[PDB]
RNA sequence: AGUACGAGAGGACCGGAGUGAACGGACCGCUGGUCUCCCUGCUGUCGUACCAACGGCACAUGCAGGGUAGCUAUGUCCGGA
RNA sequence: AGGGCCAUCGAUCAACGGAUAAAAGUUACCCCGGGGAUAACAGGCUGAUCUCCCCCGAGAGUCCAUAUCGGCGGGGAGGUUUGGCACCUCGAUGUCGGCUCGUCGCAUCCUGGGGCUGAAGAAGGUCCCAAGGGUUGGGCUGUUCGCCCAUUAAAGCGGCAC
RNA sequence: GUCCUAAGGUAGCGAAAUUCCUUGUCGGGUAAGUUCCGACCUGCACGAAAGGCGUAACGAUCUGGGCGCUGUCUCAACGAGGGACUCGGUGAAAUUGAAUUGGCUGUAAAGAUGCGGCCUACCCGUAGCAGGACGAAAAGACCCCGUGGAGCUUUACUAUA
RNA sequence: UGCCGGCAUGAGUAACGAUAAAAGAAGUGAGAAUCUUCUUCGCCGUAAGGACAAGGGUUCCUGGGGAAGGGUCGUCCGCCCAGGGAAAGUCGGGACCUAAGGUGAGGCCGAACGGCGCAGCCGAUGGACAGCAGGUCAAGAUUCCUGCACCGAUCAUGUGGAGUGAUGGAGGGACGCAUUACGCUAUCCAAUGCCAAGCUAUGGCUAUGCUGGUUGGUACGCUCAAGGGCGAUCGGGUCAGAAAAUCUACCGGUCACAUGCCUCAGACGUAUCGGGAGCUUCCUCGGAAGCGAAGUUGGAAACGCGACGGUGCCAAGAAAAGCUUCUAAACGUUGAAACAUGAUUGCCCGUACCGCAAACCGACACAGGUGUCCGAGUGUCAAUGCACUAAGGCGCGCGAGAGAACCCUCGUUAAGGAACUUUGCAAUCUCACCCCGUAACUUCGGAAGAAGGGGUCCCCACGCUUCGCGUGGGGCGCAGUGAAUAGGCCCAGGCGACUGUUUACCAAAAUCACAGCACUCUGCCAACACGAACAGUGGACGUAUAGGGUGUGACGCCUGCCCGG
RNA sequence: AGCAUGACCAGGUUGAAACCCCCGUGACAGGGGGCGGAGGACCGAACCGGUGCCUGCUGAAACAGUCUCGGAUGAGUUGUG
RNA sequence: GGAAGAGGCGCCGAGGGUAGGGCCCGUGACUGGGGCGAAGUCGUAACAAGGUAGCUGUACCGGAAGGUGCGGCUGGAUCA
RNA sequence: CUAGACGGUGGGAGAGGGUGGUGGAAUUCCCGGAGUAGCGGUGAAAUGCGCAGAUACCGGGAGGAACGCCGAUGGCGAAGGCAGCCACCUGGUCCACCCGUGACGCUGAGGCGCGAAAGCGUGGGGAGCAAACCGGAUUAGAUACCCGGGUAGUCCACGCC
């Protein structure tokens, strides 16, 4: 039956996918909360 | 076994109890358009009201009566039920520019005349100043808006007796608010309702309307200790003339003062 | 033993052959099942072109019945004197 | 403005070393901290109440102590009668009952040989001795128990965290 | 008569999914009951709208019986396909101080097998069984202690839209 | 009672996976039982088929080697290694339209971040083909070979000889439910209809006993329109579809139900060339295979095509590109466009693998998993329940013996049929079609498709008989739809008026759940809801026999003294 | 839950309202059936969810299997968003 | 050489049973109603203006006979 | 053949019926007004309204239902039942002038109609008063008779006995 997620990630593009933290300015720092903030790569392009 | 006409009030059949709907209609294809509109159910970043709110929205469309006239000659013929509520809605005619839904007294076959003109025809008419009330029969088009004029949209009541003529110039009663002489200076279309009672006429069971337009309710007492006191006994209620979040179940009155209702007394209901 | 006893109903210290119980085994040859391949009975499908005639499937005999060598109880004998 | 000093006044705070002037109920949905050094179900020191015997004279037995009991009370064995103890058991031992395995003890529930019998027989009434054996099916209940139906030589009592 | 008055019991049922006290008291069903009913009424502390009764079908709700059966219980009986045994490979986890790891009766913070005193076995392998280690798991979460938390409600002290 | 790293022991036992049969010849070589060329067996085949949907991305191949994995292992993998394989103008994105909703400079407001929205883009499965069957290797197909449809398309000549540019109103694509048939073939079935490769000691027949095999769209016909809707030249919108006009709308004649707007499978329905077994051509393995014959007759279901076809119901069923509905400044007289035709086009990406599938999610290749299209068969009221073969998938991550206790699974009983026990859940029993036959209660439509009685196969005087039953003489077995398919029955007492929810894994009940009525308030740019933000709409696009809270919940009679609090 | 586009339902039984002729029938209410076609009806496949035993809790899997039901002309169910 | 007993038989039906229906007598713990007996209980609508002139029709209450909404009626004595 | 029954002409009578506007003394009250201390009601009193302006008095207003006078031995009327203007429709009734059809009729468990007030239901409705319920008060006792309120109700449609 239905799991808890399943494929198809539209709400991880124009919302929470790479370039979608400008729509929410105080999300830009959130996007920048693991790149220009601390070590490590990112989590949207592996 | 009484009114006009066909009420599906099945006297206990099979999962379809005493219904109650429709009438006759010539059955129209489908509406040409439906200006602006938009939708329903919820609004303002939130929701509001947790009672009713089905699927099918709109359809109703405006029904601006007579903003102008000056000479029209109409006719009337077809008709079509449509707005959110079961109430029919007429069909008008003419041939000039717009349509504007118009109102509908009682039903007609193939004829009429119409004029919408100050001093015109005894039968069905529209636009005209206000002092024109010798008898004041069925209205079904009352309205409060100087230039504009519409108001009601329901097959319930729509019949008001007009008072005399004294100072402050006040007349006309209203659907269900006893004795409240209103100030007045507009118009309507003066006509019946067509299937009067037909507005709250009972249904069979539940599950073919309450979803299918509106939504499933017959609740009360959240039994929710937080903001909902009603609920926390062996099975009784004891005291507490409370409704919800202490909103006073009883009358408690309300709106008063106001523009109008400052010379529009007598509004008590039984 | 219809006695000692009992004025009347009835009925022993001794043992005697005799009927029974859950209760030890045994035994197949009195009673029965069990038998999943030995046969007959029947509907549906196929393989033999096709037919008397048969096989694969229907719980690992489909359905009605039958069945030995074996097993055990209701099968029979013995058990405490 | 104030302070201290002389002295002094404001709280059944009568929770009276009170400590704030200042405040309720509820969880068998619970989570944790520990726990029999903080209960309850078994043992356990104990032996209240439990089954059984002992003392002579009042009273039944026609009178008449003991065929059988016994006003009042007196010595205890056992103690699994509902418990008094909170000793290790909360790094956790889950009521009771039901089928079956049941195997122990005897004070003996039914035989046996014996004391007596206010017992003619038939059949019992109480006691002595040891285990050799053995002790149903229905009704209800979760049933320990219990009474109701017929049987049964009779349908046990204390075992075992009943 | 009067206390209380703020008032101050009627439609139905009445050991029925309200009776402690008792399984009530009479009666049907087989012999019979903490049961099903028919009533009586001295119904712990039933009822008026979170009702009372009535009331057909229908609801994987409790109780009585019967109709043929369910052969459950008595002994249940025998057979099968598959696991328990011959052989090739793979074989872990929960857990745990350490085993020349028999018992009594006793003793011990009394539930002792390494303790007392006594008796006793040729040592080992595997099949099978539960009385056994106070069986295993989370340091009972039933409870109490804890000037612990969370959760809900009430006019608890009080904030507050 | 730590944590990781390693050695451990439970111990070699339990177990190899749904218990849905397999033997072997032979290839190979390192021996071979599970590979390969293959005759025999059986399980599924509304499947455990094939294609489309998500997924994995490397599945598929030319094949190759065990270190390790597939819980034996193995000369099998989709392990590991280089290469090979999904060839586009029309099946696929966009651009032409769109419901949740997101977003949208200005703006409606918020302490910022922002929330939202006017002109808008998106966001979808969604509106949009104008070709079908053959010739294809190691894998790919309607793009590769052949008879074949062209929607608008690239230019120019020939009836037009003159029209036309926006968001469009159109007609309409815009379809709700159910029934009935008034239509239908592929496909299926009647095979001796056409042509035959040829026949068996089996016993038996060689002939009305016999394997097998034989149409397709482009095209259009009083032998395709079965079936649903009446057509046209004069005047005007006593003032707006932000103008006009050949859309809509209404008034006066001559046609004025004298005439048509409209199709699923046709009795040329065709040009086509494929077609049984094959001479076998082939190193006479692999199979590359020359060439080639029957162009026929009806009768069974569609969720395939009529399918706004009809009546009826409504809880009253979206705005919607395109042949098609209409043009203003301007454009326009001899050329701009609609016409016929040669020529010309749809861009990159998938089009290969398993696919309700050990390979996609369950810590793994664990007996789990949900969409879409076909869906041979006789038998059977239908039957996708039920037996078995196609095509196709296949013995599943094993193998044998002896098959003690016991153990899960199945069946059959003497003696009683629930005495068993908390109560027949379980167990196990049991419930054909046709006819006649049929209650207390009852809102009579029911309670019962009740109980009960006869038959239903076969030879036959015989129907609408291309298929049932039927007045009869009768045939086999103990019994006859006979295999499989299946309400247990009845009275009564407690709760609920039955369809709905779920203890996501103990527990689905008298519990909540329905109209009716009971208390109302709001009564509008409304009460209320979320929102500090009112912006927002829900309410409804409504203003009341309307909605938010609260009570029981068919219907029938009724519902009360204490407002001290 | 709310929003949209599509979708799933082989039959039998019961077969009611509408339509029609007749009629004891003034009007006319009403009566026969015909077709009609209704009803969270009937068995129950697919489809949604489940009342109880069973194997088994390192078992197949941190998760099931076998048998009995209703929804099945709809307070039905569903793909994706 | 067509044959008696009938030998196999075809619906009748005696007769027993498993079932659904109606009917009948008795039975039945409990309960509603009518009369009997010292006229047992408490009060007293209606007979007289028997304290509302009288019954009744329906309807609620309520120890009871009864209370109250209105109408018919003369079967009401009398001077409303 | 017309005495009966039947229809014609010409007139007249009324509270016969269904519908529509309503005429006004009505009486409870909403409001302003004048603006004092009681009103009310029994045979004696009171719940109530009084210091908030009660009782009453002028006007504006909401309304529902009733229809004095004529009214008497009255009329309509099968009968039940019905006494305001007008109108659409309509029933039964009257003599004279005979017009003719020419026995064409009177009754009749069964049915159809009516269906006195009230009483059922759906929606409406509400001034006056009224079952239940509730007050001051009789008396020993008073769910009667006085007074004081009020729900269905007395009210329009339609289906019941």
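Before moving on, here are some points about what is shown:
- Mean residue ellipticity (222 nm) of chain A, computed from DSSP H runs ≥ 4 via -39,500 (n - 2.57), nearest 500: -4000 deg cm²/dmol
- Here residue B:73 and residue A:3 are evaluated by their C-beta separation; at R0 = 51 Å the FRET efficiency comes out at 0.15.
- Projected label distance in nm at residue B:170 and residue B:237, using a 7 Å step from Cα toward the beta-carbon: 3.8
- Relative intensity of the protein assembly as shown on a log10 scale, I(q)/I(0) at q = 0.08 Å⁻¹, equals -0.63, per a Debye sum over C-alpha point scatterers of equal strength in the absence of solvent.
- Take the Cβ atoms of residue B:6 and residue B:132, set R0 to 45 Å, and the FRET efficiency comes out at 0.75.
- Inter-site label distance for residue B:41 and residue B:212 at 7 Å from Cα along Cβ, in nm: 1.9
- Calculated on the alpha-carbon coordinates, the convex hull of chain B measures out at 213 cubic angstrom per residue.
- Modelled spin labels at residue B:226 and residue B:62, positioned 7 Å past Cα toward Cβ, are 4.3 nm from each other.
- For chain A, the mean projected area of the C-alpha convex hull, equal to one quarter of the hull surface, is 4.1 nm².
Reconstructed Cβ throughout: ideal geometry from the backbone, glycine too, with neighbour counts over all protein chains shown. Coordinate-derived values only; no laboratory data.
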